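Colleague: My questions all concern the structure below.
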Amino acid sequence: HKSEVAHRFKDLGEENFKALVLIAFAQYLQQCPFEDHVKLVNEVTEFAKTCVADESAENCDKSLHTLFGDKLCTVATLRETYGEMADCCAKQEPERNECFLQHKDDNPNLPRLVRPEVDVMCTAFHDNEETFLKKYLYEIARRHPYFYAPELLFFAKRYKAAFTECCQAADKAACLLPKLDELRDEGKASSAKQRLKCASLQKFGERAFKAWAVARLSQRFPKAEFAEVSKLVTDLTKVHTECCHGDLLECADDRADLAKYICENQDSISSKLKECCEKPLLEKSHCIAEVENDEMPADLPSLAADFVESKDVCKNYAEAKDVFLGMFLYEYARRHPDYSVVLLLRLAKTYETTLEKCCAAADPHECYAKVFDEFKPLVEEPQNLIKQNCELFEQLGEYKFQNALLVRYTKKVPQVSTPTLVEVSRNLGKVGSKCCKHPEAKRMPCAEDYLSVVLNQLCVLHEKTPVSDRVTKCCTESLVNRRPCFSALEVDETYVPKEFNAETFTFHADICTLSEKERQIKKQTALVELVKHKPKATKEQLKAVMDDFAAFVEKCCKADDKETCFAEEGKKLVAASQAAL
Ligand SMILES: O=C(O)C(F)(F)C(F)(F)C(F)(F)C(F)(F)C(F)(F)C(F)(F)C(F)(F)F
Ligand SMILES: O=C(O)C(F)(F)C(F)(F)C(F)(F)C(F)(F)C(F)(F)C(F)(F)C(F)(F)F
Ligand SMILES: O=C(O)C(F)(F)C(F)(F)C(F)(F)C(F)(F)C(F)(F)C(F)(F)C(F)(F)F
Ligand SMILES: O=C(O)C(F)(F)C(F)(F)C(F)(F)C(F)(F)C(F)(F)C(F)(F)C(F)(F)F
Ligand SMILES: CCCCCCCCCCCCCC(=O)O
Ligand SMILES: CCCCCCCCCCCCCC(=O)O
Ligand SMILES: CCCCCCCCCCCCCC(=O)O
Ligand SMILES: CCCCCCCCCCCCCC(=O)O
């Protein structure tokens, strides 16, 4: 109302307010120590409480943008430490605010955050939970300055749930370590996803983005009328566009206003939002973004009537090409929550190509009579890819599925570095476990959701240091062609076997003494090097060498004086292996 900071403090509650202020400041003042940020937070919090006590107390009617900038410009070492950023303080609002957005550091050169020992974590968590939690919130925020602050706070609350539970349990390490792995992977995916949607808006443009949203919103809210979906898609593009411009408060206000619109209109949208729409502002937009798909209307026609049979198909199309194509996308996607959005975009684009050709024909109805037959192969290709891979994740388990991928992908693009081949192949196997566990109807969307970040990881890595033309081609293909292109890659014909290196296939007794993870990575590193040396080896021959090594490790980890039969019984492996292939 009169005091933005008082209204924020009253909507958020003191605990959330303090945490969000810490995140916000940590993301701009990335090189100031924890101590100094605790101080900014306590000052902003005591100021906010004076505004809550009296909205017309001094400085309480200042904009939150103004107060944020004022406190940044108050920092004593700002020019010494952040240089150019201090020059933003010479400008007036709103130009000061825009100058700060430009001058955050993407890659602050901070050491990797090392996971301490369970004992050390659980003790620190016990002795001062808030300093432990807030210090890690600070460490993560300074390192991820574009991470949406409310989403970083939702992660913090899950970390705190994981410590509260696990620091009291019998086997602390057995409880905690898997939860921290899941959270790390979920957090990294959310950080990659957030960056990619903004890069993609810029790369592929606003039209592609609105198509993507029509498809997603129609799957989620299949009972909403097209005009409601189109209104939601218009507001969603504005939210996403503001959010990518990088102003946290503008992004939060835009999200909150859309959340409120959706909650005020549940009857026109979904029967699934009641619980989300009872949450406080902080959790409401988060909650909606995760909501389950509504059930579609039971009694939906064939799309044939409006999109093939109707004699007004070309007239309807020519009148507003993107609205008609959007209506097609809406009707297709509301019927297929089991499809990837990109599959729905391939279908939409196939229909566009066909109406473009055939609406420029004397008997349009004849030219486009059988358009629906072109959808058959497009739909099956990813359905088959999922069946074949999710039934291999069955036969094998996660680890041996990663191994099957390792051999498949090393043979397709053997020029890729071993660490990239091991990383992507491990990650693609963990996409198996996230998504092959889901029923049929959720498999292709789960797969899409996780492949988009996995293949972006692989591409970004790749275009910073290229190695393969065919990878570059798939990475610079259209949105809809990227995955099909990767899946179309054939075993590399032109690749020359890599010259045998004796070191690479030398193992010691330490291998018996590594975590499960490090031992899998050492083995997977060797496997890739095996395929790189002998790319001609077949399934039968590689299984034979793998089973030989498998039998070697088990024998040479049981034996007395292990490190010798590793040297000795291990040179027998490497000779027997070379000949055999
Ligand atoms: O690109 C990255 O930097 C990344 F986001 F870390 C990613 F590794 F690609 C990832 F998608 F997060 C992921 F961790 F591989 C994963 F989430 F897909 C997973 F495989 F671990 C899960 F199981 F979550 F799918
Ligand atoms: O690969 C891309 O860059 C792309 F933009 F995603 C696309 F393939 F062109 C598309 F977005 F799907 C699309 F074809 F333009 C469309 F399907 F979105 C549309 F044109 F049909 C509609 F009007 F439906 F938005
Ligand atoms: O974009 C999607 O993937 C989606 F599924 F359509 C959606 F995420 F539900 C969303 F509805 F678009 C949305 F962004 F989550 C939202 F609008 F519902 C919101 F409430 F989160 C915001 F806050 F954006 F309003
Ligand atoms: O078709 C499939 O099996 C798939 F799983 F959907 C796929 F993920 F797209 C993939 F094609 F396997 C792949 F992961 F994209 C890839 F093979 F292209 C690669 F990323 F692993 C490499 F590095 F080999 F290019
Ligand atoms: C999100 C704020 C609080 C986070 C508390 C967790 C700190 C311990 C784990 C940090 C190490 C990096 C994450 C990981 O690899 O699991
Ligand atoms: C002066 C420092 C104030 C900065 C605090 C930022 C507060 C963010 C509010 C987030 C509200 C949630 C909205 C949403 O994502 O739907
Ligand atoms: C081995 C890859 C991940 C595990 C599940 C198999 C995924 C293959 C199909 C993915 C296709 C969805 C996106 C698309 O339509 O292009
Ligand atoms: C000249 C080639 C040396 C032969 C050594 C092969 C090492 C690779 C085996 C990788 C094992 C993965 C599967 C398993 O656990 O058995």
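Chain labels A, B, ... are given in the sequence in which chains occur in the structure tokens; within each chain residues are numbered consecutively from 1, and ligands are likewise numbered from 1 in the order shown.
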Please identify every polymer residue within 8 Å of ligand 2, using only C-alpha atoms and all ligand atoms, and present the set as a ChimeraX atom specification.

Modeller: /A:204-205,207-212,321-326,328-329,342,344-352,477-481

Colleague: Could you list, as a list in words, all the residues within 6 Å of ligand 1, counting only C-alpha atoms and all ligand atoms?

Modeller: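 Going residue by residue within 6 Å of ligand 1, we get residues 185, 186, 188, 189, 192, 427, 430, 431, 434, 450, 453, 454 and 457 of chain A.
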
Colleague: Since we have the selection now, will you write its residues out, keeping C-alpha atoms, as a PDB file, in the first residue's frame?

Modeller:
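Written output follows (again-v8.pdb):
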ATOM      1  CA  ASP A 185      20.920 -33.026  -9.095  1.00  0.00           C
ATOM      2  CA  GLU A 186      17.431 -31.411  -8.777  1.00  0.00           C
ATOM      3  CA  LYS A 188      21.554 -28.260 -10.981  1.00  0.00           C
ATOM      4  CA  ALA A 189      18.619 -29.233 -13.333  1.00  0.00           C
ATOM      5  CA  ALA A 192      20.184 -25.305 -16.109  1.00  0.00           C
ATOM      6  CA  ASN A 427      23.399 -38.613 -16.699  1.00  0.00           C
ATOM      7  CA  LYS A 430      19.845 -41.319 -14.306  1.00  0.00           C
ATOM      8  CA  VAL A 431      17.201 -39.947 -16.801  1.00  0.00           C
ATOM      9  CA  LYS A 434      13.854 -40.544 -13.040  1.00  0.00           C
ATOM     10  CA  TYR A 450      15.503 -34.010 -18.405  1.00  0.00           C
ATOM     11  CA  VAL A 453      19.068 -30.003 -19.862  1.00  0.00           C
ATOM     12  CA  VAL A 454      21.289 -33.082 -20.470  1.00  0.00           C
ATOM     13  CA  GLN A 457      24.953 -29.487 -20.994  1.00  0.00           C
TER      14      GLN A 457
END

Colleague: Return as an NGL selection string every polymer residue, whether protein, DNA or RNA, with at least one atom no more than 7 Å from an atom of ligand 5; count only C-alpha atoms and all ligand atoms.

Modeller: :A and (113-116 or 133-134 or 136-137 or 140 or 152-153 or 155-156 or 159-160 or 180-181 or 183-184)

Colleague: With N, CA, C and O atoms kept, could you save the residues just selected as a tab-separated table (two decimals), in the first residue's frame?

Modeller:
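So the final result, stored in part_31.tsv, reads:
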chain	number	residue	atom	x	y	z
A	113	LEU	N	32.25	-25.59	-3.77
A	113	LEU	CA	31.68	-25.88	-2.45
A	113	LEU	C	31.87	-27.37	-2.15
A	113	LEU	O	31.23	-28.18	-2.81
A	114	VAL	N	32.76	-27.73	-1.23
A	114	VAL	CA	33.06	-29.17	-0.94
A	114	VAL	C	32.11	-29.63	0.16
A	114	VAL	O	32.04	-28.97	1.18
A	115	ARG	N	31.45	-30.76	-0.06
A	115	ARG	CA	30.52	-31.39	0.90
A	115	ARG	C	31.32	-31.87	2.11
A	115	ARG	O	32.19	-32.70	1.95
A	116	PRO	N	31.13	-31.34	3.33
A	116	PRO	CA	31.91	-31.79	4.47
A	116	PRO	C	31.41	-33.17	4.90
A	116	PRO	O	30.46	-33.67	4.34
A	133	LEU	N	22.66	-23.01	8.07
A	133	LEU	CA	21.73	-22.95	6.92
A	133	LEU	C	21.96	-21.65	6.11
A	133	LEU	O	22.18	-21.75	4.91
A	134	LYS	N	22.05	-20.51	6.78
A	134	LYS	CA	22.15	-19.18	6.14
A	134	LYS	C	23.52	-19.06	5.45
A	134	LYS	O	23.60	-18.41	4.38
A	136	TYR	N	25.30	-21.50	4.15
A	136	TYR	CA	25.21	-22.29	2.90
A	136	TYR	C	24.25	-21.61	1.90
A	136	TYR	O	24.53	-21.61	0.70
A	137	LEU	N	23.15	-21.02	2.37
A	137	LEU	CA	22.29	-20.22	1.47
A	137	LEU	C	23.14	-19.13	0.83
A	137	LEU	O	23.11	-18.99	-0.41
A	140	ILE	N	25.66	-20.64	-1.79
A	140	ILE	CA	25.00	-21.11	-3.04
A	140	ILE	C	24.58	-19.89	-3.86
A	140	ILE	O	24.73	-19.92	-5.08
A	152	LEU	N	15.39	-20.85	-4.74
A	152	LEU	CA	16.57	-21.21	-3.92
A	152	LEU	C	16.15	-21.38	-2.46
A	152	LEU	O	16.62	-22.28	-1.78
A	153	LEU	N	15.21	-20.57	-2.00
A	153	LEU	CA	14.69	-20.70	-0.63
A	153	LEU	C	13.92	-22.02	-0.52
A	153	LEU	O	14.06	-22.66	0.49
A	155	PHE	N	14.50	-24.84	-2.00
A	155	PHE	CA	15.58	-25.86	-1.88
A	155	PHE	C	16.13	-25.89	-0.45
A	155	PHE	O	16.30	-26.99	0.10
A	156	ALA	N	16.43	-24.73	0.13
A	156	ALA	CA	16.98	-24.54	1.50
A	156	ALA	C	16.07	-25.24	2.49
A	156	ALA	O	16.58	-25.88	3.43
A	159	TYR	N	16.71	-28.99	2.19
A	159	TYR	CA	18.00	-29.30	2.84
A	159	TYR	C	17.79	-29.40	4.34
A	159	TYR	O	18.22	-30.40	4.94
A	160	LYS	N	17.10	-28.42	4.92
A	160	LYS	CA	16.84	-28.33	6.38
A	160	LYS	C	15.98	-29.53	6.84
A	160	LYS	O	16.30	-30.13	7.85
A	180	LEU	N	21.18	-35.56	-0.22
A	180	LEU	CA	22.01	-34.43	-0.71
A	180	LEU	C	22.32	-34.65	-2.21
A	180	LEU	O	22.38	-33.66	-2.96
A	181	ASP	N	22.41	-35.90	-2.67
A	181	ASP	CA	22.70	-36.20	-4.09
A	181	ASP	C	21.49	-35.84	-4.94
A	181	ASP	O	21.67	-35.18	-5.97
A	183	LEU	N	19.07	-33.72	-4.12
A	183	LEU	CA	18.92	-32.24	-4.04
A	183	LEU	C	19.93	-31.56	-4.96
A	183	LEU	O	19.56	-30.56	-5.61
A	184	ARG	N	21.19	-32.02	-4.98
A	184	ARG	CA	22.25	-31.45	-5.86
A	184	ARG	C	21.77	-31.56	-7.31
A	184	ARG	O	21.83	-30.59	-8.06

Colleague: Would you list the residues that come within 10 Å of ligand 4? Count only C-alpha atoms and all ligand atoms and give the answer as a ChimeraX atom specification.

Modeller: /A:381-382,384-386,388-390,405-414,416,420-429,431-432,444,447-448,450-452,454-459,462,468,470-472,474-475,482-491

Colleague: Write as a compact mmCIF listing (two decimals) with N, CA, C and O atoms, in the first residue's frame the residues around ligand 3, taking 9 Å as the cut-off and counting only C-alpha atoms and all ligand atoms.

Modeller:
# COMPACT_ATOMS: atom_id res chain seq x y z
N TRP A 212 5.19 -23.43 -27.51
CA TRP A 212 5.63 -24.30 -26.39
C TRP A 212 4.62 -24.15 -25.26
O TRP A 212 4.20 -25.16 -24.73
N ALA A 213 4.23 -22.94 -24.87
CA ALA A 213 3.32 -22.70 -23.71
C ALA A 213 1.88 -23.17 -24.01
O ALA A 213 1.22 -23.76 -23.13
N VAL A 214 1.39 -22.95 -25.23
CA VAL A 214 0.02 -23.40 -25.61
C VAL A 214 0.00 -24.90 -25.35
O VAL A 214 -0.90 -25.39 -24.67
N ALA A 215 1.01 -25.60 -25.82
CA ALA A 215 1.08 -27.06 -25.70
C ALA A 215 1.12 -27.42 -24.21
O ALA A 215 0.30 -28.24 -23.77
N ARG A 216 1.99 -26.76 -23.43
CA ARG A 216 2.17 -27.18 -22.03
C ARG A 216 0.88 -26.85 -21.29
O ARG A 216 0.44 -27.74 -20.54
N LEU A 217 0.34 -25.63 -21.43
CA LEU A 217 -0.84 -25.21 -20.64
C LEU A 217 -2.04 -26.10 -20.99
O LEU A 217 -2.80 -26.42 -20.06
N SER A 218 -2.19 -26.49 -22.26
CA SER A 218 -3.33 -27.29 -22.77
C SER A 218 -3.25 -28.70 -22.18
O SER A 218 -4.30 -29.24 -21.79
N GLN A 219 -2.04 -29.26 -22.05
CA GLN A 219 -1.87 -30.59 -21.41
C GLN A 219 -2.31 -30.50 -19.94
O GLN A 219 -2.90 -31.47 -19.44
N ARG A 220 -1.95 -29.41 -19.25
CA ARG A 220 -2.12 -29.26 -17.78
C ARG A 220 -3.57 -28.91 -17.45
O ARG A 220 -4.09 -29.39 -16.42
N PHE A 221 -4.20 -28.11 -18.30
CA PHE A 221 -5.54 -27.51 -18.06
C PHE A 221 -6.46 -27.86 -19.23
O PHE A 221 -6.96 -26.98 -19.90
N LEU A 232 -3.75 -17.06 -20.78
CA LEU A 232 -2.66 -17.57 -19.90
C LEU A 232 -1.33 -17.51 -20.66
O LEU A 232 -0.37 -17.03 -20.08
N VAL A 233 -1.31 -17.86 -21.95
CA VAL A 233 -0.06 -17.92 -22.77
C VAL A 233 0.48 -16.51 -22.95
O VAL A 233 1.69 -16.36 -22.89
N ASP A 235 0.00 -13.81 -20.85
CA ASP A 235 0.54 -13.38 -19.53
C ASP A 235 1.83 -14.16 -19.24
O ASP A 235 2.82 -13.53 -18.84
N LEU A 236 1.86 -15.45 -19.52
CA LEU A 236 3.05 -16.30 -19.26
C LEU A 236 4.26 -15.77 -20.06
O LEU A 236 5.36 -15.71 -19.52
N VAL A 239 5.59 -12.76 -18.36
CA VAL A 239 6.27 -13.09 -17.06
C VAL A 239 7.68 -13.55 -17.38
O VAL A 239 8.62 -13.06 -16.82
N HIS A 240 7.78 -14.46 -18.33
CA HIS A 240 9.04 -15.12 -18.72
C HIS A 240 10.01 -14.07 -19.28
O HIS A 240 11.19 -14.10 -18.92
N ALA A 252 8.98 -11.44 -9.56
CA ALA A 252 8.17 -11.95 -8.42
C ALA A 252 6.75 -11.34 -8.48
O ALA A 252 5.74 -12.05 -8.24
N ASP A 254 5.26 -10.21 -11.19
CA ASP A 254 4.62 -10.74 -12.42
C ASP A 254 4.11 -12.16 -12.16
O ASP A 254 2.98 -12.50 -12.52
N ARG A 255 4.95 -12.98 -11.51
CA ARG A 255 4.59 -14.35 -11.18
C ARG A 255 3.38 -14.31 -10.24
O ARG A 255 2.44 -15.11 -10.42
N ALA A 256 3.45 -13.49 -9.20
CA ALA A 256 2.41 -13.42 -8.16
C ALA A 256 1.07 -12.99 -8.80
O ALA A 256 0.03 -13.58 -8.48
N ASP A 257 1.09 -12.03 -9.71
CA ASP A 257 -0.14 -11.51 -10.36
C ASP A 257 -0.75 -12.60 -11.23
O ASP A 257 -1.98 -12.74 -11.22
N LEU A 258 0.07 -13.42 -11.90
CA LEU A 258 -0.47 -14.51 -12.73
C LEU A 258 -1.06 -15.60 -11.81
O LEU A 258 -2.15 -16.11 -12.11
N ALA A 259 -0.34 -15.95 -10.75
CA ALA A 259 -0.79 -16.91 -9.73
C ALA A 259 -2.18 -16.50 -9.22
O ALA A 259 -3.06 -17.38 -9.13
N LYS A 260 -2.35 -15.24 -8.86
CA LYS A 260 -3.63 -14.67 -8.35
C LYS A 260 -4.73 -14.78 -9.41
O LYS A 260 -5.87 -15.16 -9.06
N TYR A 261 -4.41 -14.42 -10.66
CA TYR A 261 -5.39 -14.53 -11.77
C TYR A 261 -5.86 -15.98 -11.85
O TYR A 261 -7.08 -16.25 -11.91
N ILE A 262 -4.92 -16.91 -11.77
CA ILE A 262 -5.24 -18.34 -11.98
C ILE A 262 -6.10 -18.77 -10.79
O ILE A 262 -7.05 -19.57 -10.96
N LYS A 284 2.58 -20.16 -3.73
CA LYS A 284 1.42 -20.29 -4.62
C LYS A 284 1.89 -20.54 -6.07
O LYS A 284 1.52 -21.57 -6.64
N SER A 285 2.70 -19.67 -6.65
CA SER A 285 3.17 -19.85 -8.05
C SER A 285 4.01 -21.14 -8.19
O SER A 285 3.83 -21.89 -9.16
N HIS A 286 4.92 -21.39 -7.26
CA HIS A 286 5.70 -22.65 -7.17
C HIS A 286 4.76 -23.85 -7.22
O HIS A 286 4.99 -24.78 -7.99
N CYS A 287 3.76 -23.85 -6.34
CA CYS A 287 2.79 -24.96 -6.19
C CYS A 287 2.04 -25.17 -7.51
O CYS A 287 1.95 -26.30 -7.96
N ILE A 288 1.52 -24.11 -8.12
CA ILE A 288 0.80 -24.23 -9.43
C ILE A 288 1.70 -24.85 -10.52
O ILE A 288 1.19 -25.62 -11.39
N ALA A 289 2.97 -24.46 -10.56
CA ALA A 289 3.88 -24.91 -11.64
C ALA A 289 4.07 -26.43 -11.55
O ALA A 289 4.39 -27.04 -12.59
N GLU A 290 3.80 -27.04 -10.39
CA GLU A 290 3.99 -28.50 -10.17
C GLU A 290 2.66 -29.26 -10.24
O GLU A 290 2.68 -30.50 -10.19
N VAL A 291 1.54 -28.57 -10.32
CA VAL A 291 0.21 -29.20 -10.20
C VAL A 291 0.11 -30.30 -11.24
O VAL A 291 0.64 -30.12 -12.34
N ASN A 293 -1.74 -32.57 -14.07
CA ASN A 293 -2.68 -32.41 -15.21
C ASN A 293 -4.09 -32.66 -14.69
O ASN A 293 -4.28 -33.62 -13.94

Colleague: With only C-alpha atoms and all ligand atoms counted, collect every polymer residue having an atom within 9 Å of ligand 8; state the result as a count of residues only.

Modeller: 42

Colleague: What do you get as a VMD selection string if you pick all residues at most 10 Å from ligand 6, counting only C-alpha atoms and all ligand atoms?

Modeller: chain A and resid 4 to 5 8 to 9 11 to 12 16 to 25 40 to 41 44 to 45 48 63 to 72 148 to 151 153 247 to 260 280 to 289

Colleague: Would you mind writing down, as a PyMOL selection string, each residue of region 394-432 of chain A that DSSP on the backbone assigns to helix (DSSP H, G or I)?

Modeller: chain A and resi 394-395+398-412+418-432

Colleague: Smallest atom-to-atom distance to ligand 7: which of A:355, A:51, A:379, A:86, using only C-alpha atoms and all ligand atoms?

Modeller: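 Closest candidate: A:379.
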
Colleague: Contacts of region 297-314 of chain A at 12 Å or less, counting only C-alpha atoms, minus same-chain residues fewer than 5 places along, as a PyMOL selection string?

Modeller: chain A and resi 219+221-225+270-271+319-321+324-336+348+351-352+354-373

Colleague: Give me a file of those residues, with N, CA and C atoms, as a compact mmCIF listing (two decimals), in the first residue's frame.

Modeller:
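The file below, again-v9.txt, is the result:
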# COMPACT_ATOMS: atom_id res chain seq x y z
N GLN A 219 -2.04 -29.26 -22.05
CA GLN A 219 -1.87 -30.59 -21.41
C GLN A 219 -2.31 -30.50 -19.94
N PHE A 221 -4.20 -28.11 -18.30
CA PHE A 221 -5.54 -27.51 -18.06
C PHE A 221 -6.46 -27.86 -19.23
N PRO A 222 -6.67 -29.16 -19.52
CA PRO A 222 -7.36 -29.57 -20.74
C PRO A 222 -8.84 -29.18 -20.80
N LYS A 223 -9.42 -28.75 -19.67
CA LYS A 223 -10.85 -28.33 -19.55
C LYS A 223 -10.99 -26.82 -19.80
N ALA A 224 -9.89 -26.06 -19.77
CA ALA A 224 -9.90 -24.62 -20.08
C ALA A 224 -10.25 -24.44 -21.55
N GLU A 225 -11.03 -23.40 -21.86
CA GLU A 225 -11.40 -23.02 -23.25
C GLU A 225 -10.13 -22.48 -23.90
N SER A 270 -8.80 -25.35 -13.93
CA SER A 270 -8.50 -26.72 -13.46
C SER A 270 -9.17 -26.98 -12.11
N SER A 271 -9.59 -28.23 -11.89
CA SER A 271 -10.17 -28.71 -10.62
C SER A 271 -9.04 -29.08 -9.66
N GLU A 319 -7.30 -16.43 -42.21
CA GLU A 319 -7.87 -15.33 -41.36
C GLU A 319 -6.94 -15.00 -40.18
N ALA A 320 -6.23 -15.97 -39.64
CA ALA A 320 -5.31 -15.78 -38.49
C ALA A 320 -4.49 -17.06 -38.35
N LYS A 321 -3.42 -17.17 -39.10
CA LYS A 321 -2.68 -18.45 -39.26
C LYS A 321 -2.22 -18.95 -37.90
N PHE A 324 -5.15 -20.20 -35.53
CA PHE A 324 -5.69 -21.49 -36.02
C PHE A 324 -4.68 -22.61 -35.67
N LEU A 325 -3.42 -22.39 -35.99
CA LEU A 325 -2.35 -23.35 -35.62
C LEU A 325 -2.30 -23.51 -34.10
N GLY A 326 -2.50 -22.43 -33.34
CA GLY A 326 -2.57 -22.50 -31.87
C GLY A 326 -3.76 -23.32 -31.40
N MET A 327 -4.91 -23.20 -32.08
CA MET A 327 -6.13 -24.01 -31.75
C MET A 327 -5.88 -25.50 -32.00
N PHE A 328 -5.23 -25.82 -33.11
CA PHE A 328 -4.80 -27.19 -33.43
C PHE A 328 -3.90 -27.74 -32.33
N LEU A 329 -2.84 -26.99 -31.98
CA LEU A 329 -1.92 -27.31 -30.84
C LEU A 329 -2.73 -27.53 -29.55
N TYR A 330 -3.66 -26.65 -29.22
CA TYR A 330 -4.54 -26.74 -28.01
C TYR A 330 -5.34 -28.06 -27.98
N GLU A 331 -6.01 -28.39 -29.10
CA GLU A 331 -6.89 -29.58 -29.20
C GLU A 331 -6.00 -30.83 -29.20
N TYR A 332 -4.85 -30.78 -29.84
CA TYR A 332 -3.97 -31.97 -29.89
C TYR A 332 -3.40 -32.18 -28.47
N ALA A 333 -2.82 -31.15 -27.88
CA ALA A 333 -2.09 -31.30 -26.61
C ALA A 333 -3.04 -31.62 -25.45
N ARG A 334 -4.23 -31.03 -25.39
CA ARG A 334 -5.20 -31.35 -24.30
C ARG A 334 -5.59 -32.82 -24.33
N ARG A 335 -5.53 -33.46 -25.50
CA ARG A 335 -5.84 -34.89 -25.69
C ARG A 335 -4.59 -35.73 -25.42
N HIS A 336 -3.39 -35.15 -25.42
CA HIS A 336 -2.14 -35.95 -25.32
C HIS A 336 -1.21 -35.37 -24.27
N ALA A 348 2.25 -29.91 -34.98
CA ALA A 348 1.72 -28.56 -35.31
C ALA A 348 2.42 -28.07 -36.58
N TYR A 351 1.37 -30.00 -39.71
CA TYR A 351 0.06 -29.43 -40.11
C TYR A 351 0.21 -28.06 -40.79
N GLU A 352 1.09 -27.20 -40.30
CA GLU A 352 1.37 -25.86 -40.88
C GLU A 352 1.92 -26.02 -42.30
N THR A 354 1.59 -28.44 -44.33
CA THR A 354 0.54 -29.07 -45.17
C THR A 354 -0.54 -28.04 -45.54
N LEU A 355 -1.03 -27.25 -44.58
CA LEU A 355 -2.02 -26.21 -44.92
C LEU A 355 -1.36 -25.16 -45.83
N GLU A 356 -0.09 -24.80 -45.61
CA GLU A 356 0.66 -23.87 -46.48
C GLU A 356 0.65 -24.39 -47.94
N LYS A 357 0.93 -25.68 -48.15
CA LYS A 357 1.01 -26.28 -49.51
C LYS A 357 -0.38 -26.37 -50.13
N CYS A 358 -1.33 -26.97 -49.41
CA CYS A 358 -2.65 -27.46 -49.88
C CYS A 358 -3.75 -26.37 -49.92
N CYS A 359 -3.59 -25.28 -49.17
CA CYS A 359 -4.61 -24.21 -49.11
C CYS A 359 -4.46 -23.35 -50.36
N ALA A 360 -3.27 -23.44 -50.97
CA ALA A 360 -2.88 -22.96 -52.31
C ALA A 360 -3.14 -24.05 -53.35
N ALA A 361 -4.32 -24.71 -53.33
CA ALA A 361 -4.76 -25.78 -54.27
C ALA A 361 -6.29 -25.72 -54.46
N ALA A 362 -6.77 -25.93 -55.70
CA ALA A 362 -8.21 -25.89 -56.10
C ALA A 362 -9.12 -26.73 -55.18
N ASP A 363 -8.70 -27.92 -54.76
CA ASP A 363 -9.49 -28.79 -53.84
C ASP A 363 -8.62 -29.01 -52.62
N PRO A 364 -8.58 -28.02 -51.70
CA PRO A 364 -7.66 -28.08 -50.58
C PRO A 364 -7.87 -29.45 -49.93
N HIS A 365 -9.16 -29.81 -49.74
CA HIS A 365 -9.69 -30.97 -48.97
C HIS A 365 -9.00 -32.23 -49.45
N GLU A 366 -8.65 -32.28 -50.75
CA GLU A 366 -7.97 -33.43 -51.42
C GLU A 366 -6.50 -33.41 -51.01
N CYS A 367 -5.87 -32.26 -51.05
CA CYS A 367 -4.41 -32.17 -50.83
C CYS A 367 -4.03 -32.58 -49.38
N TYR A 368 -4.95 -32.42 -48.41
CA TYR A 368 -4.63 -32.47 -46.96
C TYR A 368 -5.54 -33.47 -46.27
N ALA A 369 -6.22 -34.28 -47.08
CA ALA A 369 -7.16 -35.35 -46.67
C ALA A 369 -6.52 -36.30 -45.66
N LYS A 370 -5.26 -36.63 -45.88
CA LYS A 370 -4.55 -37.70 -45.15
C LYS A 370 -3.40 -37.10 -44.32
N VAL A 371 -3.59 -35.89 -43.79
CA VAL A 371 -2.48 -35.18 -43.07
C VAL A 371 -2.18 -35.97 -41.78
N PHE A 372 -3.20 -36.57 -41.19
CA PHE A 372 -3.18 -37.27 -39.88
C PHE A 372 -2.29 -38.51 -39.97
N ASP A 373 -2.20 -39.13 -41.15
CA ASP A 373 -1.28 -40.26 -41.46
C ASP A 373 0.18 -39.81 -41.31

Colleague: When you count only C-alpha atoms, which of these residues is closest to residue 559 (chain A): A:541, A:273, A:85, A:509?

Modeller: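 Using only C-alpha atoms, residue 559 (chain A) sits closest to A:509.
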
Colleague: Which is closer to residue 580 (chain A) than all the others in A:202, A:131, A:538, A:27, using only C-alpha atoms?

Modeller: A:538

Colleague: For ligand 7, which of A:95, A:561, A:391, A:518 is the closest residue, counting only C-alpha atoms and all ligand atoms?

Modeller: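 Using only C-alpha atoms and all ligand atoms, ligand 7 sits closest to A:391.
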
Colleague: Find the distance between CA of residue 495 (chain A) and CA of residue 401 (chain A) and write it in Å to one decimal.

Modeller: 24.4 Å

Colleague: So how many Å separate CA of residue 460 (chain A) and CA of residue 138 (chain A), to one decimal?

Modeller: 27.0 Å
